[PDB]
>>> print(open('model27.pdb').read())   # PDB, C-alpha atoms and all ligand atoms
ATOM      1  CA  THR A  26      78.731 -52.729 -13.989
ATOM      2  CA  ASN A  27      80.228 -55.244 -16.415
ATOM      3  CA  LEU A  28      77.828 -55.853 -19.309
ATOM      4  CA  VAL A  29      80.230 -58.270 -21.056
ATOM      5  CA  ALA A  30      80.044 -60.529 -18.001
ATOM      6  CA  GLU A  31      76.260 -60.745 -17.715
ATOM      7  CA  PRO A  32      75.769 -63.679 -20.154
ATOM      8  CA  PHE A  33      78.423 -65.641 -18.244
ATOM      9  CA  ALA A  34      76.680 -64.982 -14.925
ATOM     10  CA  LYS A  35      73.392 -66.135 -16.465
ATOM     11  CA  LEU A  36      75.070 -69.286 -17.785
ATOM     12  CA  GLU A  37      76.655 -70.214 -14.456
ATOM     13  CA  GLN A  38      73.363 -69.577 -12.644
ATOM     14  CA  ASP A  39      71.545 -71.889 -15.072
ATOM     15  CA  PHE A  40      74.372 -74.423 -14.569
ATOM     16  CA  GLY A  41      74.161 -74.157 -10.784
ATOM     17  CA  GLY A  42      77.809 -73.409 -10.045
ATOM     18  CA  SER A  43      80.762 -71.262 -11.087
ATOM     19  CA  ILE A  44      82.367 -70.861 -14.513
ATOM     20  CA  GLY A  45      85.792 -69.363 -15.155
ATOM     21  CA  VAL A  46      86.797 -68.133 -18.607
ATOM     22  CA  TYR A  47      89.848 -66.439 -20.071
ATOM     23  CA  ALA A  48      90.401 -65.963 -23.785
ATOM     24  CA  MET A  49      93.110 -64.101 -25.680
ATOM     25  CA  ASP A  50      93.190 -63.140 -29.354
ATOM     26  CA  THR A  51      96.900 -63.234 -30.159
ATOM     27  CA  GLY A  52      96.465 -61.041 -33.233
ATOM     28  CA  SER A  53      94.824 -58.058 -31.573
ATOM     29  CA  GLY A  54      95.566 -58.584 -27.877
ATOM     30  CA  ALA A  55      91.829 -58.513 -27.121
ATOM     31  CA  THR A  56      90.673 -60.587 -24.161
ATOM     32  CA  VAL A  57      87.564 -61.899 -22.442
ATOM     33  CA  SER A  59      87.671 -62.589 -18.682
ATOM     34  CA  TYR A  60      85.121 -64.014 -16.262
ATOM     35  CA  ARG A  61      86.312 -65.260 -12.866
ATOM     36  CA  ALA A  62      89.593 -65.539 -14.778
ATOM     37  CA  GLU A  63      91.834 -65.366 -11.700
ATOM     38  CA  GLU A  64      89.795 -67.698  -9.490
ATOM     39  CA  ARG A  65      91.191 -71.152  -8.781
ATOM     40  CA  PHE A  66      89.511 -74.219 -10.261
ATOM     41  CA  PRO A  67      90.618 -77.851 -10.059
ATOM     42  CA  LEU A  68      92.848 -78.886 -12.943
ATOM     43  CA  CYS A  69      91.575 -82.471 -13.057
ATOM     44  CA  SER A  70      93.113 -84.247 -16.070
ATOM     45  CA  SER A  71      93.883 -80.937 -17.769
ATOM     46  CA  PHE A  72      97.244 -81.091 -15.977
ATOM     47  CA  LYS A  73      98.198 -83.819 -18.455
ATOM     48  CA  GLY A  74      98.726 -81.308 -21.263
ATOM     49  CA  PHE A  75     101.245 -79.363 -19.204
ATOM     50  CA  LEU A  76     102.789 -82.701 -18.186
ATOM     51  CA  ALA A  77     103.399 -83.498 -21.852
ATOM     52  CA  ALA A  78     104.946 -80.059 -22.384
ATOM     53  CA  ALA A  79     107.250 -80.641 -19.409
ATOM     54  CA  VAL A  80     108.358 -83.966 -20.911
ATOM     55  CA  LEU A  81     109.011 -82.216 -24.227
ATOM     56  CA  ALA A  82     111.083 -79.568 -22.437
ATOM     57  CA  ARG A  83     113.219 -82.269 -20.830
ATOM     58  CA  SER A  84     113.692 -84.011 -24.180
ATOM     59  CA  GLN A  85     115.481 -80.888 -25.476
ATOM     60  CA  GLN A  86     118.533 -81.824 -23.386
ATOM     61  CA  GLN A  87     118.217 -85.642 -23.548
ATOM     62  CA  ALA A  88     118.922 -87.155 -26.964
ATOM     63  CA  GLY A  89     116.270 -89.678 -27.920
ATOM     64  CA  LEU A  90     114.281 -89.319 -24.675
ATOM     65  CA  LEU A  91     110.986 -89.203 -26.570
ATOM     66  CA  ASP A  92     111.961 -92.332 -28.529
ATOM     67  CA  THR A  93     112.873 -94.304 -25.353
ATOM     68  CA  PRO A  94     110.713 -97.415 -24.765
ATOM     69  CA  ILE A  95     109.178 -97.892 -21.308
ATOM     70  CA  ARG A  96     108.276-101.460 -20.268
ATOM     71  CA  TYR A  97     105.862-100.859 -17.411
ATOM     72  CA  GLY A  98     104.047-103.647 -15.598
ATOM     73  CA  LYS A  99     100.475-104.199 -14.502
ATOM     74  CA  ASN A 100     101.241-102.360 -11.237
ATOM     75  CA  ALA A 101     101.498 -99.113 -13.216
ATOM     76  CA  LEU A 102      97.924 -99.447 -14.474
ATOM     77  CA  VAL A 103      95.078 -97.243 -13.182
ATOM     78  CA  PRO A 104      91.368 -97.176 -14.016
ATOM     79  CA  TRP A 105      90.777 -95.481 -17.387
ATOM     80  CA  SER A 106      94.181 -96.288 -18.860
ATOM     81  CA  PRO A 107      92.949 -97.653 -22.209
ATOM     82  CA  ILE A 108      96.131 -97.016 -24.177
ATOM     83  CA  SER A 109      98.447 -98.272 -21.426
ATOM     84  CA  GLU A 110      96.413-101.456 -21.020
ATOM     85  CA  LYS A 111      96.388-101.995 -24.793
ATOM     86  CA  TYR A 112     100.177-101.700 -24.995
ATOM     87  CA  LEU A 113     100.977-103.478 -21.716
ATOM     88  CA  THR A 114     102.421-106.494 -23.521
ATOM     89  CA  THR A 115     104.391-104.349 -26.000
ATOM     90  CA  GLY A 116     105.550-101.296 -24.022
ATOM     91  CA  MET A 117     105.316 -97.658 -25.098
ATOM     92  CA  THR A 118     107.814 -94.903 -25.795
ATOM     93  CA  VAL A 119     107.904 -91.665 -23.823
ATOM     94  CA  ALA A 120     106.314 -89.939 -26.828
ATOM     95  CA  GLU A 121     103.523 -92.516 -27.000
ATOM     96  CA  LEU A 122     102.867 -92.218 -23.263
ATOM     97  CA  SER A 123     102.743 -88.432 -23.639
ATOM     98  CA  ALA A 124     100.286 -88.634 -26.540
ATOM     99  CA  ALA A 125      98.117 -91.117 -24.603
ATOM    100  CA  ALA A 126      98.024 -88.806 -21.578
ATOM    101  CA  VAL A 127      97.056 -85.840 -23.780
ATOM    102  CA  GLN A 128      94.722 -87.500 -26.265
ATOM    103  CA  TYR A 129      92.968 -90.135 -24.133
ATOM    104  CA  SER A 130      93.576 -88.736 -20.622
ATOM    105  CA  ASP A 131      95.308 -92.077 -19.991
ATOM    106  CA  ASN A 132      95.855 -92.196 -16.229
ATOM    107  CA  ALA A 133      98.639 -94.796 -16.055
ATOM    108  CA  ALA A 134     100.554 -92.929 -18.758
ATOM    109  CA  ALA A 135     100.190 -89.665 -16.849
ATOM    110  CA  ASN A 136     101.452 -91.147 -13.574
ATOM    111  CA  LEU A 137     104.395 -92.837 -15.328
ATOM    112  CA  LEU A 138     105.460 -89.529 -16.865
ATOM    113  CA  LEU A 139     104.889 -87.672 -13.592
ATOM    114  CA  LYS A 140     107.302 -90.084 -11.907
ATOM    115  CA  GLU A 141     109.942 -89.372 -14.561
ATOM    116  CA  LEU A 142     109.614 -85.632 -13.840
ATOM    117  CA  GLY A 143     109.921 -85.952 -10.067
ATOM    118  CA  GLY A 144     106.229 -86.129  -9.257
ATOM    119  CA  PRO A 145     103.665 -83.350  -8.868
ATOM    120  CA  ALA A 146     106.321 -81.010  -7.442
ATOM    121  CA  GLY A 147     108.471 -81.570 -10.530
ATOM    122  CA  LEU A 148     105.648 -80.576 -12.860
ATOM    123  CA  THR A 149     104.896 -77.569 -10.649
ATOM    124  CA  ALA A 150     108.569 -76.570 -10.847
ATOM    125  CA  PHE A 151     108.411 -76.721 -14.648
ATOM    126  CA  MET A 152     105.393 -74.398 -14.619
ATOM    127  CA  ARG A 153     107.260 -72.002 -12.335
ATOM    128  CA  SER A 154     110.171 -72.035 -14.787
ATOM    129  CA  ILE A 155     107.920 -70.660 -17.560
ATOM    130  CA  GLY A 156     106.598 -67.868 -15.328
ATOM    131  CA  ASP A 157     103.395 -69.538 -14.091
ATOM    132  CA  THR A 158     103.090 -68.800 -10.358
ATOM    133  CA  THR A 159      99.467 -69.971 -10.033
ATOM    134  CA  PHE A 160      99.585 -73.613 -11.185
ATOM    135  CA  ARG A 161      99.991 -76.211  -8.472
ATOM    136  CA  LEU A 162      99.911 -79.988  -8.749
ATOM    137  CA  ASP A 163     100.070 -81.759  -5.406
ATOM    138  CA  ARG A 164      98.755 -85.289  -5.948
ATOM    139  CA  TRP A 165      98.734 -88.076  -8.547
ATOM    140  CA  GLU A 166      95.953 -89.801 -10.455
ATOM    141  CA  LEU A 167      93.334 -90.532  -9.217
ATOM    142  CA  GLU A 168      93.549 -88.645  -5.883
ATOM    143  CA  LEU A 169      93.965 -85.253  -7.600
ATOM    144  CA  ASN A 170      90.292 -85.332  -8.722
ATOM    145  CA  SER A 171      88.749 -84.665  -5.289
ATOM    146  CA  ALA A 172      87.845 -81.069  -6.284
ATOM    147  CA  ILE A 173      86.878 -80.081  -2.727
ATOM    148  CA  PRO A 174      85.504 -76.500  -2.612
ATOM    149  CA  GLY A 175      88.095 -74.188  -1.090
ATOM    150  CA  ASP A 176      90.956 -76.694  -1.439
ATOM    151  CA  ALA A 177      93.806 -75.180  -3.439
ATOM    152  CA  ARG A 178      95.516 -78.521  -4.136
ATOM    153  CA  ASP A 179      95.737 -79.395  -7.825
ATOM    154  CA  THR A 180      94.325 -76.089  -9.095
ATOM    155  CA  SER A 181      95.097 -73.187 -11.365
ATOM    156  CA  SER A 182      93.189 -70.240 -12.782
ATOM    157  CA  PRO A 183      91.748 -69.843 -16.304
ATOM    158  CA  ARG A 184      94.066 -66.895 -16.941
ATOM    159  CA  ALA A 185      97.206 -68.708 -15.799
ATOM    160  CA  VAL A 186      96.241 -71.794 -17.828
ATOM    161  CA  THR A 187      95.716 -69.674 -20.945
ATOM    162  CA  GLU A 188      98.936 -67.718 -20.444
ATOM    163  CA  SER A 189     100.971 -70.893 -19.974
ATOM    164  CA  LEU A 190      99.266 -72.567 -22.940
ATOM    165  CA  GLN A 191     100.156 -69.558 -25.102
ATOM    166  CA  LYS A 192     103.813 -69.665 -23.989
ATOM    167  CA  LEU A 193     104.097 -73.384 -24.744
ATOM    168  CA  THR A 194     102.157 -73.598 -28.031
ATOM    169  CA  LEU A 195     102.882 -70.216 -29.650
ATOM    170  CA  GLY A 196     105.654 -68.605 -27.633
ATOM    171  CA  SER A 197     109.232 -69.546 -26.878
ATOM    172  CA  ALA A 198     108.859 -71.657 -23.725
ATOM    173  CA  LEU A 199     109.627 -74.727 -25.865
ATOM    174  CA  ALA A 200     112.120 -75.007 -28.684
ATOM    175  CA  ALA A 201     110.345 -74.931 -32.043
ATOM    176  CA  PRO A 202     110.351 -78.704 -32.795
ATOM    177  CA  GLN A 203     108.961 -79.402 -29.325
ATOM    178  CA  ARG A 204     106.368 -76.626 -29.553
ATOM    179  CA  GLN A 205     105.140 -78.225 -32.786
ATOM    180  CA  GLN A 206     104.997 -81.680 -31.197
ATOM    181  CA  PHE A 207     102.950 -80.294 -28.299
ATOM    182  CA  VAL A 208     100.560 -78.676 -30.791
ATOM    183  CA  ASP A 209     100.344 -81.913 -32.800
ATOM    184  CA  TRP A 210      99.401 -83.886 -29.675
ATOM    185  CA  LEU A 211      96.752 -81.335 -28.666
ATOM    186  CA  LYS A 212      95.285 -81.356 -32.212
ATOM    187  CA  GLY A 213      94.870 -85.113 -32.026
ATOM    188  CA  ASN A 214      92.908 -85.064 -28.768
ATOM    189  CA  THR A 215      89.926 -87.444 -28.794
ATOM    190  CA  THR A 216      88.162 -86.387 -25.556
ATOM    191  CA  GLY A 217      87.072 -82.834 -26.349
ATOM    192  CA  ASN A 218      84.496 -83.040 -29.141
ATOM    193  CA  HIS A 219      81.689 -81.685 -26.934
ATOM    194  CA  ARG A 220      83.613 -78.844 -25.273
ATOM    195  CA  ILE A 221      85.575 -76.001 -26.908
ATOM    196  CA  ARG A 222      85.568 -77.857 -30.258
ATOM    197  CA  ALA A 223      81.751 -77.737 -30.240
ATOM    198  CA  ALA A 224      81.969 -73.937 -30.045
ATOM    199  CA  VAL A 225      84.265 -73.351 -33.024
ATOM    200  CA  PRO A 226      83.413 -73.287 -36.738
ATOM    201  CA  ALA A 227      84.141 -76.660 -38.313
ATOM    202  CA  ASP A 228      86.918 -75.407 -40.589
ATOM    203  CA  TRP A 229      89.076 -74.038 -37.754
ATOM    204  CA  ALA A 230      91.967 -76.078 -36.380
ATOM    205  CA  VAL A 231      91.841 -76.813 -32.640
ATOM    206  CA  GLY A 232      94.196 -78.362 -30.139
ATOM    207  CA  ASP A 233      92.711 -78.945 -26.687
ATOM    208  CA  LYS A 234      93.038 -80.808 -23.399
ATOM    209  CA  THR A 235      90.034 -81.670 -21.230
ATOM    210  CA  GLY A 236      89.700 -82.308 -17.528
ATOM    211  CA  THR A 237      86.850 -84.010 -15.647
ATOM    212  CA  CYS A 238      86.961 -84.428 -11.886
ATOM    213  CA  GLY A 239      83.318 -85.536 -11.919
ATOM    214  CA  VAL A 240      82.581 -84.562  -8.338
ATOM    215  CA  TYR A 241      81.437 -81.037  -7.513
ATOM    216  CA  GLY A 242      80.300 -80.404 -11.096
ATOM    217  CA  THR A 243      83.972 -79.950 -11.950
ATOM    218  CA  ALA A 244      85.212 -80.182 -15.543
ATOM    219  CA  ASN A 245      87.176 -78.030 -17.942
ATOM    220  CA  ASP A 246      88.878 -77.607 -21.313
ATOM    221  CA  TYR A 247      91.639 -75.418 -22.685
ATOM    222  CA  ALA A 248      92.490 -74.887 -26.311
ATOM    223  CA  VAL A 249      94.516 -73.158 -28.967
ATOM    224  CA  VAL A 250      92.281 -72.333 -31.917
ATOM    225  CA  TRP A 251      93.427 -71.315 -35.399
ATOM    226  CA  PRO A 252      90.678 -69.503 -37.311
ATOM    227  CA  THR A 254      91.363 -70.028 -40.994
ATOM    228  CA  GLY A 255      93.976 -67.481 -42.067
ATOM    229  CA  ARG A 256      93.975 -65.568 -38.765
ATOM    230  CA  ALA A 257      96.119 -65.298 -35.664
ATOM    231  CA  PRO A 258      95.333 -67.984 -33.077
ATOM    232  CA  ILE A 259      93.076 -67.664 -30.041
ATOM    233  CA  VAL A 260      94.009 -69.246 -26.707
ATOM    234  CA  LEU A 261      91.299 -69.891 -24.144
ATOM    235  CA  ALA A 262      90.422 -71.826 -21.012
ATOM    236  CA  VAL A 263      87.008 -72.706 -19.583
ATOM    237  CA  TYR A 264      86.753 -74.221 -16.069
ATOM    238  CA  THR A 265      83.689 -75.151 -14.003
ATOM    239  CA  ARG A 266      82.826 -76.191 -10.476
ATOM    240  CA  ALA A 267      79.705 -76.499  -8.322
ATOM    241  CA  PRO A 268      79.013 -76.470  -4.574
ATOM    242  CA  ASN A 269      77.657 -79.980  -3.915
ATOM    243  CA  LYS A 270      79.674 -83.170  -4.216
ATOM    244  CA  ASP A 271      77.072 -84.971  -6.360
ATOM    245  CA  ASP A 272      76.504 -82.012  -8.693
ATOM    246  CA  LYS A 273      77.036 -83.080 -12.314
ATOM    247  CA  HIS A 274      79.437 -81.405 -14.707
ATOM    248  CA  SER A 275      78.100 -80.157 -18.047
ATOM    249  CA  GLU A 276      79.899 -80.295 -21.381
ATOM    250  CA  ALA A 277      77.208 -78.086 -22.910
ATOM    251  CA  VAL A 278      77.998 -75.344 -20.387
ATOM    252  CA  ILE A 279      81.701 -75.460 -21.312
ATOM    253  CA  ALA A 280      80.829 -75.191 -25.013
ATOM    254  CA  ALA A 281      78.368 -72.358 -24.328
ATOM    255  CA  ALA A 282      80.943 -70.385 -22.329
ATOM    256  CA  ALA A 283      83.493 -70.896 -25.103
ATOM    257  CA  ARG A 284      81.026 -69.523 -27.663
ATOM    258  CA  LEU A 285      80.495 -66.396 -25.580
ATOM    259  CA  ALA A 286      84.257 -65.944 -25.264
ATOM    260  CA  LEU A 287      84.760 -66.174 -29.039
ATOM    261  CA  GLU A 288      81.856 -63.783 -29.595
ATOM    262  CA  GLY A 289      83.231 -61.314 -27.042
ATOM    263  CA  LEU A 290      86.709 -61.096 -28.575
ATOM    264  CA  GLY A 291      87.918 -58.165 -30.613
TER     265      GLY A 291
HETATM  266  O1  LIG B 301      89.759 -85.664 -19.919
HETATM  267  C1  LIG B 301      88.627 -85.879 -19.352
HETATM  268  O2  LIG B 301      87.583 -85.263 -19.598
HETATM  269  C2  LIG B 301      88.598 -86.953 -18.247
HETATM  270  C3  LIG B 301      89.625 -87.378 -17.656
HETATM  271  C4  LIG B 301      89.621 -88.368 -16.566
HETATM  272  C5  LIG B 301      88.957 -89.600 -16.736
HETATM  273  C6  LIG B 301      88.947 -90.559 -15.724
HETATM  274  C7  LIG B 301      89.597 -90.306 -14.529
HETATM  275  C8  LIG B 301      90.261 -89.098 -14.345
HETATM  276  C9  LIG B 301      90.282 -88.110 -15.342
HETATM  277  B1  LIG B 301      91.019 -86.758 -15.064
HETATM  278  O3  LIG B 301      90.188 -85.649 -15.282
HETATM  279  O4  LIG B 301      91.878 -86.576 -14.026
END
>>> encode(input="model27.pdb", output="structure tokens", more="lines below")
Ligand SMILES: O=C(O)/C=C/c1ccccc1B(O)O
Amino acid sequence: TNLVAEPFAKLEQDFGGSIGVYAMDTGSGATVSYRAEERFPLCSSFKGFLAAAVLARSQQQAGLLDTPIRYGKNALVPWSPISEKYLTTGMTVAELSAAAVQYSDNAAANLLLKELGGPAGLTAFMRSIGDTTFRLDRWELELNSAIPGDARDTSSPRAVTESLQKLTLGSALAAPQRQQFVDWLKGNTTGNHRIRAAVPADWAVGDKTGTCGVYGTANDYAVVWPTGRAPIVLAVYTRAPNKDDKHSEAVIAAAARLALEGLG
């Protein structure tokens, strides 16, 4: 029997679906795992790793991040509020990356995906950092279908957390790029009701959300700096068996609380 897991099982039963959690305390090595190796749809959470992949490329391309991109209306996608706002001015690669991370801007994400060689190019970047689980197969908005049993556009909570650690705290990015990735995550605007709702107000948090909508499917991953302590990295993913089942931000926050409470 796994007593640590019982509150998570109760939570997912109340929710009406499945919850996957992995959390790592980088100071002690302590972890919390629940369905941590199961696949869940990435939804928009892929956009954080997209931004990291762009940052990695910028390490060999002088001024890539500062390069202006003058996209047209044909690049726009529903829920592209930053891209629409800057349509008449253009945006730099860095601004597109920040929009994808901090507003889940769909047009910005697809524009950057194209620069990287599409979903397979982002998947290849994740392979290059040692992530063998992540797979992106489609673009926005098709990647949100979240069909039960479909492995397209999925990863696992553990693989997400391990890759997030490598990119934000480890050596997968050069230091200036690691810091930029962290800065973008800390400026996210979409996650106030998810992992951020689980952490004490004085702790610093960088996160990236995902919401497929269908099949009760939504998620969040975060790096969390408790004041004066080594950071925690964690991922919380959800799904549900019926297409019209609704996702729950409260369930994501509640799972994150249990993860923080369960850490040594
Ligand atoms: O970050 C979120 O919670 C939502 C992102 C989003 C919004 C509209 C359409 C697609 C997505 B995404 O999850 O792919």
>>> residues_around(input="model27.pdb", residues="range 66-70 of chain A", least_positions_apart="6", cutoff="6 Å", atoms="all atoms listed in the file", output="PyMOL selection string")
chain A and resi 170+172+179-182+236-238
>>> write_last_selection(input="model27.pdb", atoms="C-alpha atoms", output="mmCIF file, in the frame of the given file")
data_model
loop_
_atom_site.group_PDB
_atom_site.id
_atom_site.type_symbol
_atom_site.label_atom_id
_atom_site.label_comp_id
_atom_site.auth_asym_id
_atom_site.auth_seq_id
_atom_site.Cartn_x
_atom_site.Cartn_y
_atom_site.Cartn_z
ATOM 1 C CA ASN A 170 90.292 -85.332 -8.722
ATOM 2 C CA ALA A 172 87.845 -81.069 -6.284
ATOM 3 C CA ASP A 179 95.737 -79.395 -7.825
ATOM 4 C CA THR A 180 94.325 -76.089 -9.095
ATOM 5 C CA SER A 181 95.097 -73.187 -11.365
ATOM 6 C CA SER A 182 93.189 -70.240 -12.782
ATOM 7 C CA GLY A 236 89.700 -82.308 -17.528
ATOM 8 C CA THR A 237 86.850 -84.010 -15.647
ATOM 9 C CA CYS A 238 86.961 -84.428 -11.886
#
>>> axis_aligned_box(input="model27.pdb", around="ligand LIG 301 (chain B)", padding_each_side="3 Å", output="AutoDock Vina command-line options")
--center_x 89.7 --center_y -87.9 --center_z -17.0 --size_x 10.3 --size_y 11.3 --size_z 11.9
>>> atom_distance(input="model27.pdb", atom1="CA of residue 60 in chain A", atom2="CA of residue 34 in chain A")
8.6 Å
>>> residues_around(input="model27.pdb", residues="residue 155 in chain A", least_positions_apart="4", cutoff="8 Å", atoms="only C-alpha atoms", output="ChimeraX atom specification")
/A:151,189,192,198
>>> atom_distance(input="model27.pdb", atom1="CA of residue 230 in chain A", atom2="CA of residue 251 in chain A")
5.1 Å
>>> closest_residue(input="model27.pdb", among="A:190, A:278, A:76, A:261", to="residue 62 in chain A", atoms="only C-alpha atoms")
A:261
>>> resolve_selection(input="model27.pdb", expression="the PyMOL selection byres (((chain A and resi 193) around 10) and not hetatm)", output="short mmCIF file (atom, residue, chain, number, x, y, z; two decimals) with C-alpha atoms, in the frame of the given file")
data_model
loop_
_atom_site.label_atom_id
_atom_site.label_comp_id
_atom_site.auth_asym_id
_atom_site.auth_seq_id
_atom_site.Cartn_x
_atom_site.Cartn_y
_atom_site.Cartn_z
CA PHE A 75 101.24 -79.36 -19.20
CA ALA A 78 104.95 -80.06 -22.38
CA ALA A 79 107.25 -80.64 -19.41
CA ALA A 82 111.08 -79.57 -22.44
CA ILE A 155 107.92 -70.66 -17.56
CA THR A 187 95.72 -69.67 -20.94
CA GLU A 188 98.94 -67.72 -20.44
CA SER A 189 100.97 -70.89 -19.97
CA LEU A 190 99.27 -72.57 -22.94
CA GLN A 191 100.16 -69.56 -25.10
CA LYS A 192 103.81 -69.67 -23.99
CA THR A 194 102.16 -73.60 -28.03
CA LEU A 195 102.88 -70.22 -29.65
CA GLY A 196 105.65 -68.60 -27.63
CA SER A 197 109.23 -69.55 -26.88
CA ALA A 198 108.86 -71.66 -23.72
CA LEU A 199 109.63 -74.73 -25.86
CA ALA A 200 112.12 -75.01 -28.68
CA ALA A 201 110.34 -74.93 -32.04
CA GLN A 203 108.96 -79.40 -29.32
CA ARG A 204 106.37 -76.63 -29.55
CA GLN A 205 105.14 -78.22 -32.79
CA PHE A 207 102.95 -80.29 -28.30
CA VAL A 208 100.56 -78.68 -30.79
#
>>> closest_residue(input="model27.pdb", among="A:132, A:206, A:86, A:158", to="ligand LIG 301 (chain B)", atoms="only C-alpha atoms and all ligand atoms")
A:132
>>> residues_near_point(input="model27.pdb", point="(76.6, -79.2, -17.1)", cutoff="9 Å", atoms="all atoms listed in the file", output="number ranges by chain")
A: 40-41, 242, 244, 265, 272-279
>>> closest_residue(input="model27.pdb", among="A:110, A:166, A:209, A:121", to="ligand LIG 301 (chain B)", atoms="only C-alpha atoms and all ligand atoms")
A:166
>>> decode(input="model27.pdb", residues="range 156-169 of chain A", atoms="N, CA, C and O atoms", output="short mmCIF file (atom, residue, chain, number, x, y, z; two decimals), in the first residue's frame")
data_model
loop_
_atom_site.label_atom_id
_atom_site.label_comp_id
_atom_site.auth_asym_id
_atom_site.auth_seq_id
_atom_site.Cartn_x
_atom_site.Cartn_y
_atom_site.Cartn_z
N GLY A 156 17.89 14.93 -23.23
CA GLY A 156 17.70 13.69 -22.52
C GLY A 156 16.26 13.33 -22.21
O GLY A 156 16.03 12.38 -21.45
N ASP A 157 15.29 14.05 -22.78
CA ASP A 157 13.88 13.76 -22.56
C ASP A 157 13.42 12.83 -23.68
O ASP A 157 13.32 13.25 -24.84
N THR A 158 13.14 11.57 -23.34
CA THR A 158 12.70 10.58 -24.32
C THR A 158 11.19 10.38 -24.32
O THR A 158 10.68 9.61 -25.14
N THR A 159 10.48 11.07 -23.44
CA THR A 159 9.04 10.91 -23.29
C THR A 159 8.25 11.94 -24.08
O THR A 159 7.26 11.58 -24.74
N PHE A 160 8.68 13.20 -24.04
CA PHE A 160 7.99 14.30 -24.71
C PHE A 160 7.78 13.99 -26.18
O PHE A 160 8.70 13.56 -26.87
N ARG A 161 6.58 14.25 -26.67
CA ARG A 161 6.36 14.25 -28.11
C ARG A 161 5.35 15.33 -28.48
O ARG A 161 4.27 15.40 -27.89
N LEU A 162 5.74 16.20 -29.41
CA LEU A 162 4.80 17.11 -30.06
C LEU A 162 4.66 16.66 -31.50
O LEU A 162 5.66 16.41 -32.18
N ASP A 163 3.43 16.57 -31.95
CA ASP A 163 3.09 16.01 -33.25
C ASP A 163 2.30 16.97 -34.12
O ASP A 163 2.36 16.86 -35.36
N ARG A 164 1.57 17.89 -33.52
CA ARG A 164 0.68 18.79 -34.24
C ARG A 164 0.92 20.22 -33.78
O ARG A 164 1.71 20.48 -32.87
N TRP A 165 0.24 21.15 -34.45
CA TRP A 165 0.36 22.58 -34.19
C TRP A 165 -0.88 23.07 -33.44
O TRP A 165 -1.83 22.34 -33.22
N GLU A 166 -0.86 24.34 -33.04
CA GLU A 166 -2.09 24.94 -32.51
C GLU A 166 -3.05 25.14 -33.69
O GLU A 166 -2.61 25.57 -34.75
N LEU A 167 -4.35 24.85 -33.55
CA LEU A 167 -5.02 24.39 -32.33
C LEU A 167 -5.27 22.87 -32.29
O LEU A 167 -5.83 22.35 -31.33
N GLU A 168 -4.84 22.15 -33.33
CA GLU A 168 -5.15 20.72 -33.46
C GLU A 168 -4.59 19.90 -32.30
O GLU A 168 -5.16 18.86 -31.95
N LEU A 169 -3.47 20.33 -31.71
CA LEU A 169 -2.81 19.57 -30.66
C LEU A 169 -3.64 19.46 -29.37
O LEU A 169 -3.21 18.75 -28.45
#
